[PDB]
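A note on names: the letters A, B, ... follow the listed sequences, proteins ahead of strands, and every chain is numbered from 1.
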Amino acid sequence: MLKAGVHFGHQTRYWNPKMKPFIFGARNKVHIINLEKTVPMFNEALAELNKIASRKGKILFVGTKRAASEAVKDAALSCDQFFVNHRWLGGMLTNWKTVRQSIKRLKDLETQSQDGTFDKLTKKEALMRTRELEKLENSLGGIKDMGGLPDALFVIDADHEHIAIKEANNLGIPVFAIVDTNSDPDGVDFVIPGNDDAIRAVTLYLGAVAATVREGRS
Amino acid sequence: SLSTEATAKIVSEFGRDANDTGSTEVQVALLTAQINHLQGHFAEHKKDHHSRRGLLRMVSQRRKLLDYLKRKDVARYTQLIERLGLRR
Amino acid sequence: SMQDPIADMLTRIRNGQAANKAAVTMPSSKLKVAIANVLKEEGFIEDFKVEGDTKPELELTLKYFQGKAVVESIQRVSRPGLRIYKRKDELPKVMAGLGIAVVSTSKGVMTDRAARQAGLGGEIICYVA
RNA sequence: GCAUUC
RNA sequence: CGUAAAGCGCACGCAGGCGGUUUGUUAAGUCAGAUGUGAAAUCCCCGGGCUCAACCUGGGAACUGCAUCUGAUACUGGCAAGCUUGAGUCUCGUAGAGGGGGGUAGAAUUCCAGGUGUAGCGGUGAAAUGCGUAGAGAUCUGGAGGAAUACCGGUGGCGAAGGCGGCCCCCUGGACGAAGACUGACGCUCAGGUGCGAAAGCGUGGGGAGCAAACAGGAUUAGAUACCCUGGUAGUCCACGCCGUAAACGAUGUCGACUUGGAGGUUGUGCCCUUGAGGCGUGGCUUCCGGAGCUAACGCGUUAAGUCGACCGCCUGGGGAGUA
Ligand SMILES: [Mg+2]
Ligand SMILES: [Mg+2]
Ligand SMILES: [Mg+2]
Ligand SMILES: [Mg+2]
Ligand SMILES: [Mg+2]
Ligand SMILES: [Mg+2]
Ligand SMILES: [Mg+2]
Ligand SMILES: [Mg+2]
Ligand SMILES: [Mg+2]
Ligand SMILES: [Mg+2]
Ligand SMILES: [Mg+2]
Ligand SMILES: [Mg+2]
Ligand SMILES: [Mg+2]
Ligand SMILES: [Mg+2]
Ligand SMILES: [Mg+2]
Ligand SMILES: [Mg+2]
Ligand SMILES: [Mg+2]
Ligand SMILES: [Mg+2]
Ligand SMILES: [Mg+2]
């Protein structure tokens, strides 16, 4: 529901003209979002997300900025949904079949560590090869068990994650995004105007969807 | 261009009163006064081409106004040219 | 200088539709109102209004369907430099009848279909699809 | 510093 | 028709083309119907006849035209009366290398005269021609004359374009803003025409410091009618006339309307005002980057090369040739 924070936007210099409808005014030289318009669209976002959630669909969280990199992972632990916390590899969805073998390599790396077959005297097995696990995990950690294209895309920034939006649009996957004043609309089917980088803003966002998904999943 | 006192004198002479400045008679009379006044200027400064271009605009503007007045009312046009002693 | 006010009315509609503008306002005239009335009847424009007496201003309420402009295309046909008149049998039909052509007949301004039904020709104003 | 041609 | 061929160098403008808005009238254009005519054949449509076809033939349609008659009045035009939003005049201000004329100032170069002073100076990649013991260069004093205006100076300003930089005066053009008043379509464009139009060049008469085609010498080089060096005439400057050409370029004609934005420069103006080398608005001009759209692409992008209207100019493979 409506509460403190989130309303804060960015400077009027970097505003996107396409977002004129969702700006309430230029307060202290920085645009502030119209909350009365955000709640209807936002409430629609959870309702749509709940509907697909009841269909056992797979939701994907896309957060790359350091401010929310750990936040998305926390939601991915509160619910069984998938996420991307670090750089979005170009083509994670367009050529998913190409990325499948990369996931399989991570599984093999994970296995070799579990049963201790990697504890060979050589540093090559001990150090060089095991350093690939965290390199792959930090980028493919939350997508390991997706097993296919997501049924919906959730994005914290529509411009910082413009690559992810393009892939989802190409594949026809519905896109939900926390679109900011400076961000580019028309690439997201469901737009949630508001702040994208404030810590207290995102946590409410991914926290809200992380909840309604659980009720929809049942 | 033209002194305010001289401009006021022409307005009251040709127009209905001191406030009727838009009348074709006032506009034509004002242009004629400046054109005649500038005759001495170009007698001495023969190659003041840049200012002469402005003078030709007044001549062209006066001709357009005179033709409009002639079309609108011939009788008024005939009286005006007689008073100003032009169209020779 | 402005020499074809009708083209300005059509241009404003075309530019406004491309800009996703809710409505377009322009100086009003009897011919513009007559053309606007035909557009409103055919469903191309939601509504139109005239405000002011000394300097009336004509406002047109544009309409959109599925987020795209209803008026796919609108072009002036008869122009001050070249005016076009058509007989009853020569009345054109836009997009094989899906569109309409606004015709200024002796009985007023009406679509090509109306003029054809009435059996009266006249000046072709514009094609709007 | 100058330094052509196939 | 920015770069592929193609926007006159830029303007003013007659003929011509086009023209805001309201009422009445006219019914020329336009539109409807009828009448006369539009020969026959031919073409076309439905039939008939040569064994079929070609071919022949009946009727219709067609001959998109012209003329008259009767009507229609929306649009265009004519006529009459209007209206203010286009355009224009007036009042108060602002900025500017806008133009013409006259005067004047300082720095510097060259030259002339004199003093001090002594063997180099000048120049190049190197060198030489050249200047100098007849006293150069350097340095100081005074005088003469010409040309251009350091700093300010800034993708700053002004002008139709070309173009216009010290300062002062005289004459003078245009632009822009503030409200208010006035005229009431007087407008836009423009073949021909006319005016202006860098530099070089030409004519006459002056002037001539610097610079410098031509020319001369010294170098360079296989040669060097060049680049480099030392000299140097026309010219560059002024007066008046002529020439009318430039990559005269934004390689982008003029006018008007419409269409998301961001950051600057410049010049007016409104308002909040004690919490000023402040806060929010509204005009003119102008630079840069970019959205839609557009474009062959590059790119353009509210100052369009986007979306439209009016008028003019111009292009139709290369070369020959903008030549005979
Ligand atoms: Mg070329
Ligand atoms: Mg070319
Ligand atoms: Mg008219
Ligand atoms: Mg008639
Ligand atoms: Mg016949
Ligand atoms: Mg037969
Ligand atoms: Mg009329
Ligand atoms: Mg001409
Ligand atoms: Mg010269
Ligand atoms: Mg000479
Ligand atoms: Mg001489
Ligand atoms: Mg030389
Ligand atoms: Mg030429
Ligand atoms: Mg030039
Ligand atoms: Mg050219
Ligand atoms: Mg040009
Ligand atoms: Mg003109
Ligand atoms: Mg741009
Ligand atoms: Mg020749």
Expected label for E:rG184, using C1'-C2'-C3'-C4' where a positive value gives north and a negative one south, is south
Mind checking the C1' distance from E:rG143 to E:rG163? Whole angstroms is fine.
39 Å
> So what does C:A19 touch, heavy atoms closer than 4.0 Å: a base, only the sugar-phosphate, or nothing?
Replying inline: sugar-phosphate
Nt span of RNA chain E in reach of chain B heavy atoms at under 4.0 Å, 5' end first, is E:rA11 to E:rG241
Donor-acceptor contact present, side-chain A:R87 to main-chain A:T64, <3.5 Å: no
_Heavy atoms only, 4.0 Å cut-off, all strands: where does B:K72 land among base, sugar-phosphate and nothing?_
sugar-phosphate
- Any chance E:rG173 and E:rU104 qualify as a Watson-Crick or G-U wobble pair, both distances under 3.5 Å? no
Roughly how far apart, to the nearest Å, are E:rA209 and E:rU236 at atom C1'? 12 Å
Would E:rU266 and E:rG120 pass as a Watson-Crick or G-U wobble pair if both distances have to be under 3.5 angstrom?
-> no
Of C:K55 and C:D89, the one whose nearest nucleotide on RNA chain E sits closer to the 5' end is C:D89
(message) Once you measure the plane-to-plane angle for A:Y205 and A:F42, does it fall in the parallel (<30°), tilted (30-60°) or perpendicular (>60°) bin?
(response) perpendicular
The answer to which of B:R57 and B:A8 contacts RNA chain E further toward the 5' end, by nearest nucleotide, is B:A8
Need one value for C:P27: base, sugar-phosphate or nothing, where a base atom within 4.0 Å counts as base even if backbone is also close, heavy atoms only. nothing
Practice item. For the residue pair A:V30 and A:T12, establish whether any side-chain heavy-atom pair is separated by less than 4.5 Å. Key: no
In whole Å, measure the gap between the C1' atoms of E:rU282 and E:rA181 for me.
23 Å
Inset, instruction - Evaluate E:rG36 against E:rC66 for Watson-Crick or G-U wobble pairing; both distances have to be shorter than 3.5 Å. - result: yes
With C1' as the reference atom in both, quote the distance from E:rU267 to E:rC176 in angstrom, rounded to an integer.
8 Å
Separation between CG (A:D159) and CD1 (A:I165), nearest 0.5 Å, reads 9.0 Å
Using a cut-off of 3.5 Å for both contacts, decide if E:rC211 and E:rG235 are a Watson-Crick or G-U pair. yes
Okay, side chain of B:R52, backbone of B:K46: is any donor-acceptor separation there less than 3.5 Å?
yes
(Q) Taking E:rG174 as the reference, what is the distance to E:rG159 when you measure between their P atoms (whole Å, please)? (A) 12 Å
**Message:** If I pick the P atom on E:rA216 and the same atom on E:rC227, what distance separates them, to the nearest angstrom?
**Reply:** 13 Å
Practice prompt. Would you indicate what B:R52 reaches in the nucleic acid, counting non-hydrogen atoms under 4.0 angstrom: base, sugar-phosphate, or nothing?
Written response: nothing
Could you check whether B:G54 gets within reach of a base, just the sugar-phosphate, or nothing at all, counting any heavy atom under 4.0 Å?
sugar-phosphate
Taken in chain and number order and not counting sequence neighbours, the residues that satisfy side chain to side chain donor-acceptor pair (under 3.5 Å) with A:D184 are A:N16
Establish whether E:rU73 and E:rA219 are paired, applying the Watson-Crick or G-U wobble definition with both distances under 3.5 Å. no
Rounding to 0.5 Å, atoms CG (B:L38) and CG (B:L2) come to a distance of 9.5 Å
